[PDB]
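Peer 1: First the structure, then my questions, so here it is.
Written out as structure tokens, the structure is:
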């Protein structure tokens with residue numbers, strides 16, 4: 001008799017990409033704005049974070065998913081709602097009618 005078989009699969013998987021995450025955080029006074037920013041201020045992973053008190057918005061430029069940042073944002077005590085998990089701009093060429 002004789003036999004021979006195998007079932008191995010090389011282990012190779014790279015997952016890493018920096019994207020912009022828009023989170024609508026309900027702010028009231030500076031404090032809230034100071035805490036929201038700090039919560040993600042120079043924090044491992046996070047590369048940038050924008051906080052708009054005018055539109056109670058709060059962006060977060062990190063390689064981590066919204067589900068990951070969401071928790072970090074909620075940790076401050078406020079409610080972080082996802083209003084955009086991506087970006088994209090479309091330009092147009094040609095003369096305009098004026």
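Residue numbers (the authors' numbering): 1 to 98. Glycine included, every Cβ here is placed at the ideal spot set by N, Cα and C.
Near residue 31, what residues of its chain come up, given a Cβ to Cβ distance below 8 angstroms and the 5 sequence neighbours on each side ignored?
Peer 2: The answer is none, since no qualifying residue turns up.
Peer 1: Is it the case that the Cβ atoms of residue 20 and residue 52 are separated by a distance below 8 angstroms?
Peer 2: Going by C-beta atoms, residue 20 is not nearer than 8 angstroms to residue 52.
Peer 1: State whether the stretch 82 to 90 contacts the stretch 38 to 48, with contact taken as three or more CB pairs (one from each stretch) at a distance under 8 angstroms.
Peer 2: Short answer: they don't touch.
Peer 1: Nearest to residue 15 by alpha carbon, out of 65, 89, 73?
Peer 2: Comparing Cα positions, the closest option is 65.
Peer 1: Compute the distance between the beta-carbons of residue 36 and residue 58, then report whether it is under 8 angstroms.
Peer 2: A contact, by the Cβ cut-off of 8 angstroms.
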